[PDB]
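Peer 1: Below is the file my_file.cif, which contains mmCIF, C-alpha atoms and all ligand atoms.
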data_entry
#
loop_
_atom_site.label_atom_id
_atom_site.label_comp_id
_atom_site.auth_asym_id
_atom_site.auth_seq_id
_atom_site.Cartn_x
_atom_site.Cartn_y
_atom_site.Cartn_z
CA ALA X 1 -81.33 14.86 6.88
CA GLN X 2 -77.67 15.73 6.28
CA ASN X 3 -76.35 16.01 2.68
CA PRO X 4 -79.72 15.57 1.02
CA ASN X 5 -78.40 16.27 -2.53
CA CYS X 6 -75.88 13.33 -2.01
CA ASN X 7 -72.79 15.43 -2.87
CA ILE X 8 -69.31 14.00 -2.50
CA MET X 9 -67.89 15.39 0.75
CA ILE X 10 -64.21 16.16 1.41
CA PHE X 11 -62.77 15.85 4.96
CA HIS X 12 -59.60 17.34 6.47
CA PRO X 13 -59.07 15.57 9.90
CA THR X 14 -56.51 16.90 12.32
CA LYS X 15 -53.76 14.55 13.57
CA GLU X 16 -55.82 14.17 16.75
CA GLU X 17 -58.92 13.18 14.78
CA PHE X 18 -56.79 10.71 12.71
CA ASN X 19 -56.23 8.36 15.62
CA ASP X 20 -59.47 6.49 15.82
CA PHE X 21 -60.48 5.16 12.40
CA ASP X 22 -63.91 3.77 13.34
CA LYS X 23 -64.89 6.95 15.16
CA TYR X 24 -63.94 9.12 12.12
CA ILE X 25 -66.01 6.96 9.75
CA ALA X 26 -68.97 7.33 12.11
CA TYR X 27 -68.34 11.13 12.18
CA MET X 28 -68.37 11.37 8.40
CA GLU X 29 -71.68 9.46 8.29
CA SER X 30 -73.13 11.84 10.97
CA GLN X 31 -72.50 14.60 8.39
CA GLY X 32 -74.24 12.64 5.58
CA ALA X 33 -71.11 11.59 3.69
CA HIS X 34 -72.47 8.11 2.89
CA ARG X 35 -75.36 9.49 0.95
CA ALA X 36 -72.98 10.28 -1.96
CA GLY X 37 -71.55 6.74 -2.08
CA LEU X 38 -67.96 8.15 -1.97
CA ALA X 39 -65.96 10.56 0.25
CA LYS X 40 -62.43 12.02 0.07
CA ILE X 41 -60.19 12.24 3.15
CA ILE X 42 -57.09 14.46 3.04
CA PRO X 43 -54.68 13.23 5.78
CA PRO X 44 -53.18 15.66 8.31
CA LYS X 45 -50.11 17.44 7.03
CA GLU X 46 -47.94 15.68 9.64
CA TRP X 47 -48.90 12.16 8.45
CA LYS X 48 -47.07 9.97 5.98
CA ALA X 49 -47.74 6.41 4.73
CA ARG X 50 -44.06 5.63 4.52
CA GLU X 51 -40.73 7.53 4.27
CA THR X 52 -40.03 7.13 0.55
CA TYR X 53 -41.15 5.12 -2.51
CA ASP X 54 -37.59 4.75 -3.71
CA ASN X 55 -37.33 1.05 -3.43
CA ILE X 56 -40.61 -0.39 -5.04
CA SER X 57 -39.40 -1.35 -8.47
CA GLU X 58 -38.80 -4.94 -7.60
CA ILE X 59 -42.40 -5.74 -6.65
CA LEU X 60 -43.69 -8.30 -9.17
CA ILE X 61 -46.88 -7.95 -11.16
CA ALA X 62 -47.35 -11.71 -11.79
CA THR X 63 -50.40 -11.33 -14.13
CA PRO X 64 -50.69 -7.88 -15.75
CA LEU X 65 -54.10 -7.45 -17.41
CA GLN X 66 -54.57 -5.90 -20.93
CA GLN X 67 -58.00 -4.23 -20.86
CA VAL X 68 -59.58 -4.75 -24.30
CA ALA X 69 -62.84 -2.83 -24.98
CA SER X 70 -65.88 -3.66 -27.18
CA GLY X 71 -68.88 -1.46 -27.94
CA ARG X 72 -69.23 2.29 -28.46
CA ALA X 73 -67.35 5.13 -26.80
CA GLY X 74 -69.90 5.77 -24.08
CA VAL X 75 -71.23 2.20 -23.61
CA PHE X 76 -68.66 -0.57 -23.66
CA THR X 77 -67.45 -3.70 -21.99
CA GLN X 78 -63.87 -4.69 -21.24
CA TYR X 79 -62.20 -8.03 -21.01
CA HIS X 80 -58.93 -8.77 -19.34
CA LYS X 81 -56.28 -10.54 -21.32
CA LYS X 82 -53.51 -12.01 -19.21
CA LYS X 83 -49.94 -10.94 -20.02
CA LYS X 84 -46.50 -12.15 -19.00
CA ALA X 85 -45.18 -11.16 -15.55
CA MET X 86 -43.23 -7.97 -15.13
CA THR X 87 -41.69 -5.96 -12.29
CA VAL X 88 -43.06 -2.57 -11.17
CA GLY X 89 -39.90 -1.03 -12.75
CA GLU X 90 -40.66 -2.70 -16.04
CA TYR X 91 -44.37 -1.65 -15.86
CA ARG X 92 -43.48 1.99 -15.04
CA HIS X 93 -41.22 2.13 -18.10
CA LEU X 94 -44.04 0.67 -20.22
CA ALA X 95 -46.56 3.21 -18.83
CA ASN X 96 -44.13 6.07 -19.76
CA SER X 97 -43.61 4.72 -23.34
CA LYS X 98 -44.83 6.68 -26.32
CA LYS X 99 -47.53 4.00 -26.99
CA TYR X 100 -49.03 4.15 -23.46
CA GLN X 101 -48.25 7.55 -21.94
CA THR X 102 -50.72 10.30 -20.99
CA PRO X 103 -51.31 12.69 -23.94
CA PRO X 104 -50.81 16.39 -23.83
CA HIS X 105 -53.77 18.07 -22.18
CA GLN X 106 -54.90 21.41 -20.61
CA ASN X 107 -56.37 20.29 -17.32
CA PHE X 108 -58.27 17.34 -15.70
CA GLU X 109 -61.47 18.22 -17.67
CA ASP X 110 -59.71 18.12 -21.05
CA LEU X 111 -58.10 14.78 -20.05
CA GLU X 112 -61.57 13.41 -19.04
CA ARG X 113 -62.92 14.43 -22.48
CA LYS X 114 -60.08 12.62 -24.20
CA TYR X 115 -60.59 9.48 -22.02
CA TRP X 116 -64.29 9.18 -22.98
CA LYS X 117 -63.67 9.99 -26.62
CA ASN X 118 -60.75 7.65 -27.11
CA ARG X 119 -60.63 4.89 -24.49
CA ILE X 120 -62.13 2.17 -26.59
CA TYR X 121 -59.46 2.49 -29.28
CA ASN X 122 -56.65 1.48 -26.98
CA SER X 123 -55.86 -1.47 -24.61
CA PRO X 124 -53.96 -0.24 -21.54
CA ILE X 125 -52.27 -2.73 -19.16
CA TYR X 126 -53.38 -2.75 -15.44
CA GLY X 127 -51.45 -4.38 -12.56
CA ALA X 128 -54.48 -5.00 -10.43
CA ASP X 129 -55.36 -6.99 -7.44
CA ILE X 130 -51.84 -7.75 -6.08
CA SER X 131 -51.91 -8.92 -2.41
CA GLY X 132 -49.64 -6.73 -0.33
CA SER X 133 -49.06 -3.32 1.38
CA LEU X 134 -46.89 -0.25 0.97
CA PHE X 135 -47.70 1.19 4.48
CA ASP X 136 -44.69 1.24 6.80
CA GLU X 137 -45.34 -0.99 9.84
CA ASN X 138 -44.59 2.00 12.03
CA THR X 139 -47.44 4.06 10.53
CA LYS X 140 -50.10 3.72 13.21
CA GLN X 141 -52.90 5.91 11.76
CA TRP X 142 -55.00 4.78 8.76
CA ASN X 143 -52.65 1.95 7.92
CA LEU X 144 -54.74 -0.22 5.59
CA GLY X 145 -52.82 -3.35 6.61
CA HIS X 146 -53.75 -2.80 10.33
CA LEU X 147 -57.49 -2.28 10.18
CA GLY X 148 -60.05 -4.23 12.30
CA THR X 149 -61.18 -7.22 10.18
CA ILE X 150 -64.62 -7.80 8.72
CA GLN X 151 -64.72 -11.22 10.46
CA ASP X 152 -64.14 -9.54 13.81
CA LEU X 153 -66.88 -6.94 13.03
CA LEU X 154 -69.36 -9.73 12.23
CA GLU X 155 -68.38 -11.46 15.47
CA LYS X 156 -68.76 -8.29 17.58
CA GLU X 157 -72.18 -7.42 16.05
CA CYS X 158 -73.72 -10.87 15.59
CA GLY X 159 -71.82 -13.16 17.97
CA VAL X 160 -70.78 -15.69 15.34
CA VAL X 161 -67.11 -16.70 14.84
CA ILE X 162 -66.17 -17.42 11.24
CA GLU X 163 -63.09 -18.39 9.22
CA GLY X 164 -61.47 -15.99 6.77
CA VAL X 165 -58.97 -13.19 6.53
CA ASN X 166 -59.05 -9.58 5.18
CA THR X 167 -55.81 -8.20 3.54
CA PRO X 168 -55.03 -5.26 1.27
CA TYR X 169 -54.41 -5.16 -2.45
CA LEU X 170 -52.09 -3.04 -4.64
CA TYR X 171 -53.05 -1.54 -8.02
CA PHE X 172 -50.47 -0.28 -10.46
CA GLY X 173 -52.16 1.87 -13.19
CA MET X 174 -51.33 3.68 -16.39
CA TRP X 175 -53.20 6.14 -18.66
CA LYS X 176 -56.71 4.80 -19.56
CA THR X 177 -56.64 1.88 -17.10
CA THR X 178 -60.27 1.49 -16.09
CA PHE X 179 -62.39 0.21 -13.20
CA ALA X 180 -65.85 -0.85 -14.34
CA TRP X 181 -69.15 -0.01 -12.65
CA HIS X 182 -69.51 -2.05 -9.43
CA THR X 183 -70.29 -2.17 -5.78
CA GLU X 184 -68.01 -4.08 -3.38
CA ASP X 185 -68.32 -7.78 -2.61
CA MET X 186 -71.30 -8.19 -0.21
CA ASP X 187 -71.87 -4.40 -0.61
CA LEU X 188 -68.95 -3.73 1.81
CA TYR X 189 -67.15 -0.40 2.26
CA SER X 190 -63.85 0.12 0.56
CA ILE X 191 -60.94 2.43 1.40
CA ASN X 192 -58.38 3.36 -1.24
CA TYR X 193 -55.10 5.25 -0.74
CA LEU X 194 -53.27 6.70 -3.77
CA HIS X 195 -49.61 6.14 -2.75
CA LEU X 196 -47.92 7.82 -5.69
CA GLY X 197 -48.08 9.02 -9.24
CA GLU X 198 -50.82 10.45 -11.41
CA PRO X 199 -54.47 10.98 -10.40
CA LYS X 200 -57.50 8.65 -10.48
CA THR X 201 -60.95 10.00 -11.56
CA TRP X 202 -64.03 8.48 -9.88
CA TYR X 203 -67.70 8.42 -10.76
CA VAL X 204 -70.32 7.35 -8.18
CA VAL X 205 -74.09 6.79 -7.88
CA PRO X 206 -75.72 7.52 -4.47
CA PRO X 207 -76.71 4.27 -2.72
CA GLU X 208 -80.34 5.30 -2.57
CA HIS X 209 -80.34 5.42 -6.39
CA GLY X 210 -78.37 2.32 -7.18
CA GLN X 211 -81.30 0.46 -8.66
CA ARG X 212 -81.65 3.22 -11.29
CA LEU X 213 -78.20 2.43 -12.50
CA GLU X 214 -78.98 -1.30 -12.52
CA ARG X 215 -82.10 -0.77 -14.65
CA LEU X 216 -80.14 1.33 -17.17
CA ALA X 217 -77.43 -1.32 -17.29
CA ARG X 218 -80.00 -4.06 -18.04
CA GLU X 219 -81.26 -1.92 -20.99
CA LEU X 220 -77.73 -1.13 -22.29
CA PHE X 221 -76.27 -4.63 -21.89
CA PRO X 222 -79.31 -6.78 -22.66
CA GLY X 223 -77.61 -10.17 -23.37
CA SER X 224 -75.47 -9.83 -20.20
CA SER X 225 -78.65 -9.13 -18.21
CA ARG X 226 -80.32 -12.32 -19.50
CA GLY X 227 -77.17 -14.32 -18.62
CA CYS X 228 -77.02 -13.18 -14.97
CA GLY X 229 -79.33 -11.41 -12.56
CA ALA X 230 -76.33 -9.51 -11.06
CA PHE X 231 -73.99 -9.06 -13.94
CA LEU X 232 -72.41 -5.84 -12.72
CA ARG X 233 -70.63 -8.19 -10.24
CA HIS X 234 -68.56 -9.27 -13.24
CA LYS X 235 -66.92 -5.86 -13.22
CA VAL X 236 -66.88 -5.44 -17.04
CA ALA X 237 -69.36 -2.70 -17.95
CA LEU X 238 -68.69 0.98 -18.61
CA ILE X 239 -71.20 3.77 -19.09
CA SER X 240 -70.04 7.40 -19.66
CA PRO X 241 -71.15 10.48 -17.82
CA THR X 242 -72.80 11.76 -20.97
CA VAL X 243 -74.89 8.59 -21.24
CA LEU X 244 -75.80 8.69 -17.57
CA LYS X 245 -76.93 12.37 -17.96
CA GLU X 246 -78.99 11.47 -21.09
CA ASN X 247 -80.82 8.78 -19.06
CA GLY X 248 -81.35 10.85 -15.93
CA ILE X 249 -79.16 8.75 -13.61
CA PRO X 250 -78.00 10.67 -10.57
CA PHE X 251 -74.16 10.65 -10.14
CA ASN X 252 -71.14 12.65 -9.07
CA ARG X 253 -67.51 12.77 -10.05
CA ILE X 254 -64.23 13.65 -8.27
CA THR X 255 -60.49 13.31 -8.96
CA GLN X 256 -58.21 11.72 -6.29
CA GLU X 257 -54.56 12.82 -6.18
CA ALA X 258 -51.50 11.17 -4.68
CA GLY X 259 -51.59 11.29 -0.89
CA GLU X 260 -55.36 11.21 -0.58
CA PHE X 261 -57.85 8.55 0.64
CA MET X 262 -61.21 7.68 -0.84
CA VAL X 263 -63.93 5.75 0.98
CA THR X 264 -66.74 4.00 -0.89
CA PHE X 265 -69.91 3.25 1.14
CA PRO X 266 -72.19 0.20 1.08
CA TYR X 267 -74.04 -0.14 -2.19
CA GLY X 268 -72.28 2.95 -3.75
CA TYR X 269 -71.72 2.07 -7.41
CA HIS X 270 -68.44 3.44 -8.67
CA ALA X 271 -66.26 3.42 -11.86
CA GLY X 272 -63.26 5.39 -13.02
CA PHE X 273 -59.88 5.65 -14.71
CA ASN X 274 -56.22 6.46 -14.11
CA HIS X 275 -54.52 9.54 -15.62
CA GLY X 276 -51.04 8.00 -15.88
CA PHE X 277 -48.58 5.78 -13.97
CA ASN X 278 -49.77 5.37 -10.36
CA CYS X 279 -50.01 2.98 -7.41
CA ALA X 280 -53.03 2.63 -5.14
CA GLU X 281 -53.74 0.34 -2.14
CA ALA X 282 -57.26 -0.68 -1.18
CA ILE X 283 -59.12 -2.97 1.20
CA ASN X 284 -62.71 -3.75 2.15
CA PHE X 285 -64.08 -3.03 5.60
CA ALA X 286 -67.28 -3.13 7.60
CA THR X 287 -69.07 -1.15 10.30
CA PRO X 288 -72.29 -1.96 12.18
CA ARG X 289 -74.34 -0.08 9.58
CA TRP X 290 -73.02 -2.44 6.82
CA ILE X 291 -74.69 -5.56 8.28
CA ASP X 292 -78.07 -4.86 6.76
CA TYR X 293 -76.51 -4.19 3.36
CA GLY X 294 -74.67 -7.44 3.51
CA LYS X 295 -77.88 -9.31 4.15
CA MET X 296 -79.50 -7.74 1.06
CA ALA X 297 -76.56 -7.79 -1.34
CA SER X 298 -77.12 -9.31 -4.75
CA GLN X 299 -75.13 -12.14 -5.92
CA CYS X 300 -73.74 -13.55 -9.17
CA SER X 301 -74.60 -17.28 -9.27
CA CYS X 302 -73.87 -17.69 -13.16
CA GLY X 303 -70.36 -18.45 -12.15
CA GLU X 304 -68.52 -15.58 -13.80
CA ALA X 305 -67.82 -13.38 -10.73
CA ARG X 306 -65.78 -16.04 -8.85
CA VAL X 307 -64.75 -14.50 -5.50
CA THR X 308 -62.62 -15.00 -2.36
CA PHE X 309 -62.50 -17.65 0.24
CA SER X 310 -63.70 -15.18 2.90
CA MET X 311 -66.90 -14.23 1.04
CA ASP X 312 -68.12 -17.85 1.61
CA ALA X 313 -68.70 -17.29 5.24
CA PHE X 314 -70.41 -13.95 4.75
CA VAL X 315 -72.96 -15.59 2.40
CA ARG X 316 -73.35 -18.60 4.64
CA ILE X 317 -74.19 -16.53 7.77
CA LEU X 318 -75.97 -13.48 6.30
CA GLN X 319 -77.71 -15.14 3.32
CA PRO X 320 -78.34 -18.79 4.27
CA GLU X 321 -81.14 -19.25 1.71
CA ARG X 322 -78.81 -18.12 -1.14
CA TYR X 323 -75.93 -20.23 0.19
CA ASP X 324 -76.50 -23.47 -1.80
CA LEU X 325 -77.10 -21.76 -5.24
CA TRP X 326 -74.25 -19.17 -4.81
CA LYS X 327 -71.78 -21.98 -3.94
CA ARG X 328 -72.91 -23.90 -7.10
CA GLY X 329 -71.69 -20.76 -8.95
CA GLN X 330 -68.41 -20.80 -6.98
CA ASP X 331 -67.73 -24.54 -7.72
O1 LIG W 401 -58.55 1.63 -7.97
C1 LIG W 401 -59.15 0.79 -8.69
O2 LIG W 401 -58.79 0.27 -9.82
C2 LIG W 401 -60.44 0.23 -8.20
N1 LIG W 401 -60.68 0.50 -6.75
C3 LIG W 401 -61.89 0.34 -6.22
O3 LIG W 401 -62.93 -0.06 -6.83
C4 LIG W 401 -62.03 0.64 -4.75
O4 LIG W 401 -61.03 1.05 -4.13
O5 LIG W 401 -63.13 0.28 -4.30
MG MG W 402 -38.85 -3.50 -4.69
NI NI W 403 -64.41 -0.68 -5.64
ZN ZN W 404 -72.91 -13.70 -13.11
#
How does this structure look as structure tokens?
Peer 2:
Amino acid sequence: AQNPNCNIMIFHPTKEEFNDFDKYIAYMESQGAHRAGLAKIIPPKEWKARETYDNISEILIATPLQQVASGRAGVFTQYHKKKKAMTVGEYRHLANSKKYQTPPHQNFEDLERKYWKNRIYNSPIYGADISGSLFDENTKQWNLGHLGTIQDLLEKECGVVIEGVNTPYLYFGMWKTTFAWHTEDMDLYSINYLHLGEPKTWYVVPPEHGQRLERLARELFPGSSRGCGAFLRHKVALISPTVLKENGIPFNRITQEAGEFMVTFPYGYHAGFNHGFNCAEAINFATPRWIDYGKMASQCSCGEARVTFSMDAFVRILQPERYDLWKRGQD
């Protein structure tokens, strides 16, 4: 078995190897990369996502989210308070303000210490989930707005034609902006490209050990657990590396820098934080190996997790028994 300790693997494809996206994913899996839940891909030196970032300041963040925490430093939830619209230029200036900027630090490890010590005492503002793309249309390799669609994968594997579309999302981050512990909708893959700015630190649990994280989360968030049988789908709960180590949960960590891709694999729980002003682009995707994960994925039916138009069809075809109750949650 390849990668039996489930370590995060880092790949350096040549420009020749960067042509065929599906084939490279399948290569990484042949080496065991999926066992970690997360992999890093460093693009060939010749590749670029676009020529410059010089003209992005007029993108609008229609609903910036203030991430307010409750709990203790290592075990907390966050809620998202909606703020007034602002441009990317306005948000960058805010991120660089004395109130919101990255503090002085020695290295990534000192910054990680300061994040876990201090996160809960501040409420950073995240421009998340903005439909759009920063890839130039002429970038032919690993262009996240030109991938094969999940609907077309389901049709190729299973023969069934379904409605829905699959488009990318932009994330504008600042110091302390946080992504809670989650897997993807329908336990899909995700791919994330850090276009510019400061790094993003990731934590991940191997897919084969995901249920260990779920059991800890039910113990640590006991009212949330009674409210919903899949409450990590609400994307609100944080648990620190120190707390995971104290409870024997297997995990790994890695820092993504500008110009690098990350891939999350089906049922790979992940969480993390931004080091400073940055912009990432991400999208879900599928392969043949995903289909069985999609059939087994948990679902939120309490009504909190409220998800896309395109997830309807996935539930309806892969989980027809759940269909009914899950759509009661979504209406
Ligand atoms: O970058 C973020 O805030 C969150 N991204 C992801 O969870 C991902 O790409 O799967
Ligand atoms: Mg602009
Ligand atoms: Ni994710
Ligand atoms: Zn729920």
Peer 1: Could you make a table, as JSON lines, of the residues of chain X that have an atom within 6 Å of an atom of ligand ZN 404 (chain W), each with its nearest atom pair and distance in Å to one decimal, counting all atoms listed in the file, in chain and number order?
Peer 2:
{"residue": "X:228", "atom": "CA", "partner": "W:ZN404", "partner_atom": "ZN", "distance": 4.5}
{"residue": "X:230", "atom": "CA", "partner": "W:ZN404", "partner_atom": "ZN", "distance": 5.8}
{"residue": "X:231", "atom": "CA", "partner": "W:ZN404", "partner_atom": "ZN", "distance": 4.8}
{"residue": "X:300", "atom": "CA", "partner": "W:ZN404", "partner_atom": "ZN", "distance": 4.0}
{"residue": "X:301", "atom": "CA", "partner": "W:ZN404", "partner_atom": "ZN", "distance": 5.5}
{"residue": "X:302", "atom": "CA", "partner": "W:ZN404", "partner_atom": "ZN", "distance": 4.1}
{"residue": "X:303", "atom": "CA", "partner": "W:ZN404", "partner_atom": "ZN", "distance": 5.5}
{"residue": "X:304", "atom": "CA", "partner": "W:ZN404", "partner_atom": "ZN", "distance": 4.8}
{"residue": "X:305", "atom": "CA", "partner": "W:ZN404", "partner_atom": "ZN", "distance": 5.6}
Peer 1: Atom CA of residue 164 of chain X to atom CA of residue 317 of chain X: how many Å, to one decimal?
Peer 2: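 Taking atom CA of residue 164 of chain X as the start and atom CA of residue 317 of chain X as the end point, the length is 12.8 Å.
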Peer 1: Tell me which protein, DNA and RNA residues are within 7 Å of segment 282-287 of chain X, counting all atoms listed in the file, leaving out same-chain ones fewer than 2 positions away, and put them as a ChimeraX atom specification.
Peer 2: /X:144,149-150,153,167-170,188-193,280,289-290
Peer 1: Please, what distance in Å, to one decimal, runs between atom CA of residue 40 of chain X and atom CA of residue 259 of chain X?
Peer 2: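 Going from atom CA of residue 40 of chain X over to atom CA of residue 259 of chain X covers 10.9 Å.
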Peer 1: Quick one: residues within 7 Å of ligand NI 403 (chain W), with only C-alpha atoms and all ligand atoms, as a PyMOL selection string?
Peer 2: chain X and resi 182-184+190+270
Peer 1: Around ligand MG 402 (chain W), out to 10 Å and counting all atoms listed in the file, which residues are there? I want them as a PDB file with C-alpha atoms, keeping the file's coordinate frame.
Peer 2:
ATOM      1  CA  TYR X  53     -41.150   5.120  -2.510  1.00  0.00           C
ATOM      2  CA  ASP X  54     -37.590   4.750  -3.710  1.00  0.00           C
ATOM      3  CA  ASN X  55     -37.330   1.050  -3.430  1.00  0.00           C
ATOM      4  CA  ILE X  56     -40.610  -0.390  -5.040  1.00  0.00           C
ATOM      5  CA  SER X  57     -39.400  -1.350  -8.470  1.00  0.00           C
ATOM      6  CA  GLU X  58     -38.800  -4.940  -7.600  1.00  0.00           C
ATOM      7  CA  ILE X  59     -42.400  -5.740  -6.650  1.00  0.00           C
ATOM      8  CA  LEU X  60     -43.690  -8.300  -9.170  1.00  0.00           C
ATOM      9  CA  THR X  87     -41.690  -5.960 -12.290  1.00  0.00           C
ATOM     10  CA  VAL X  88     -43.060  -2.570 -11.170  1.00  0.00           C
ATOM     11  CA  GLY X  89     -39.900  -1.030 -12.750  1.00  0.00           C
TER      12      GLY X  89
END
Peer 1: Tell me, in Å to one decimal, how far atom CA of residue 4 of chain X is from atom CA of residue 232 of chain X.
Peer 2: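 Separation between atom CA of residue 4 of chain X and atom CA of residue 232 of chain X: 26.5 Å.
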Peer 1: So, counting all atoms listed in the file, which residue among X:133, X:178, X:106, X:255 is closest to residue 237 of chain X?
Peer 2: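 The answer is X:178, which sits nearest to residue 237 of chain X.
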Peer 1: Skipping near chain neighbours, those fewer than 5 positions away, what residues fall within 10 Å of residue 20 of chain X using only C-alpha atoms, listed as a ChimeraX atom specification?
Peer 2: /X:25,141-142
Peer 1: As lines of an AutoDock Vina configuration file, please report the centre and edge lengths, rounded to one decimal in Å, of the axis-aligned box that holds all listed atoms of segment 4-12 of chain X with 3 Å of padding on each of the six sides.
Peer 2:
center_x = -69.7
center_y = 15.3
center_z = 1.8
size_x = 26.1
size_y = 10.0
size_z = 15.3
Peer 1: Neighbouring residues of residue 97 of chain X were defined as those with any atom within 12 Å, considering only C-alpha atoms; residues of the same chain fewer than 4 positions away were excluded. Please report them as a PDB file with C-alpha atoms, keeping the file's coordinate frame.
Peer 2:
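Generated file (selection35.pdb):
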ATOM      1  CA  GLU X  90     -40.660  -2.700 -16.040  1.00  0.00           C
ATOM      2  CA  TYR X  91     -44.370  -1.650 -15.860  1.00  0.00           C
ATOM      3  CA  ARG X  92     -43.480   1.990 -15.040  1.00  0.00           C
ATOM      4  CA  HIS X  93     -41.220   2.130 -18.100  1.00  0.00           C
ATOM      5  CA  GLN X 101     -48.250   7.550 -21.940  1.00  0.00           C
ATOM      6  CA  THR X 102     -50.720  10.300 -20.990  1.00  0.00           C
ATOM      7  CA  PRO X 103     -51.310  12.690 -23.940  1.00  0.00           C
ATOM      8  CA  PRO X 124     -53.960  -0.240 -21.540  1.00  0.00           C
ATOM      9  CA  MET X 174     -51.330   3.680 -16.390  1.00  0.00           C
ATOM     10  CA  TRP X 175     -53.200   6.140 -18.660  1.00  0.00           C
ATOM     11  CA  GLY X 276     -51.040   8.000 -15.880  1.00  0.00           C
ATOM     12  CA  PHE X 277     -48.580   5.780 -13.970  1.00  0.00           C
TER      13      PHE X 277
END
Peer 1: Choose the residue, out of X:313, X:213, X:263, X:85, that has the smallest atom-to-atom separation from ligand LIG 401 (chain W); count only C-alpha atoms and all ligand atoms.
Peer 2: X:263
Peer 1: Taking (-58.2, 19.4, -11.0) in the file's coordinates, which residues come within 10 Å, counting all atoms listed in the file, written as a ChimeraX atom specification?
Peer 2: /X:107-109,199,201,254-257
Peer 1: Kindly indicate which residue among X:198, X:312, X:260, X:155 lies nearest to residue 278 of chain X, using all atoms listed in the file for the distances.
Peer 2: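 Among X:198, X:312, X:260, X:155, it is X:198 that comes nearest to residue 278 of chain X.
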Peer 1: When you count all atoms listed in the file, which of these residues is closest to residue 229 of chain X: X:292, X:299, X:268, X:64?
Peer 2: X:299
Peer 1: Which of these, X:49, X:217, X:180, X:39, has the shortest distance to ligand LIG 401 (chain W) once you count only C-alpha atoms and all ligand atoms?
Peer 2: X:180
Peer 1: Ranking X:67, X:154, X:22, X:81 by minimum distance to residue 122 of chain X and counting all atoms listed in the file, which one comes first?
Peer 2: X:67
Peer 1: Using all atoms listed in the file, determine which residues lie at most 12 Å from residue 11 of chain X, disregarding the query and same-chain residues fewer than 2 positions distant; provide the list as a ChimeraX atom specification.
Peer 2: /X:8-9,13-14,17-18,24-25,27-29,31-33,38-44,260-263
Peer 1: Please, can segment 234-244 of chain X be completed to N, CA, C and O atoms and returned as a compact mmCIF listing (two decimals), in the coordinates of the input?
Peer 2:
# COMPACT_ATOMS: atom_id res chain seq x y z
N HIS X 234 -69.68 -8.84 -12.41
CA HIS X 234 -68.56 -9.27 -13.24
C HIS X 234 -67.51 -8.23 -13.48
O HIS X 234 -66.43 -8.53 -13.93
N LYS X 235 -67.85 -6.95 -13.18
CA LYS X 235 -66.92 -5.86 -13.22
C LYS X 235 -66.33 -5.66 -14.62
O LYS X 235 -65.14 -5.54 -14.83
N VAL X 236 -67.21 -5.57 -15.61
CA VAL X 236 -66.88 -5.44 -17.04
C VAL X 236 -67.56 -4.29 -17.74
O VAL X 236 -67.15 -4.02 -18.87
N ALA X 237 -68.56 -3.63 -17.21
CA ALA X 237 -69.36 -2.70 -17.95
C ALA X 237 -69.06 -1.26 -17.63
O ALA X 237 -68.96 -0.86 -16.45
N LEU X 238 -68.92 -0.47 -18.69
CA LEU X 238 -68.69 0.98 -18.61
C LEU X 238 -69.78 1.78 -19.24
O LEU X 238 -70.23 1.40 -20.33
N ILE X 239 -70.19 2.85 -18.60
CA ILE X 239 -71.20 3.77 -19.09
C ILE X 239 -70.72 5.18 -18.81
O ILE X 239 -70.29 5.48 -17.67
N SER X 240 -70.65 6.05 -19.83
CA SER X 240 -70.04 7.40 -19.66
C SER X 240 -70.88 8.36 -18.94
O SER X 240 -72.11 8.18 -18.85
N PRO X 241 -70.31 9.44 -18.41
CA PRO X 241 -71.15 10.48 -17.82
C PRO X 241 -72.18 11.08 -18.76
O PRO X 241 -73.29 11.40 -18.31
N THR X 242 -71.84 11.24 -20.01
CA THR X 242 -72.80 11.76 -20.97
C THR X 242 -74.00 10.85 -21.10
O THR X 242 -75.18 11.28 -21.13
N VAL X 243 -73.79 9.51 -21.15
CA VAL X 243 -74.89 8.59 -21.24
C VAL X 243 -75.70 8.55 -19.97
O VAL X 243 -76.95 8.46 -19.97
N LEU X 244 -75.06 8.64 -18.80
CA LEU X 244 -75.80 8.69 -17.57
C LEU X 244 -76.72 9.97 -17.54
O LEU X 244 -77.87 9.86 -17.12
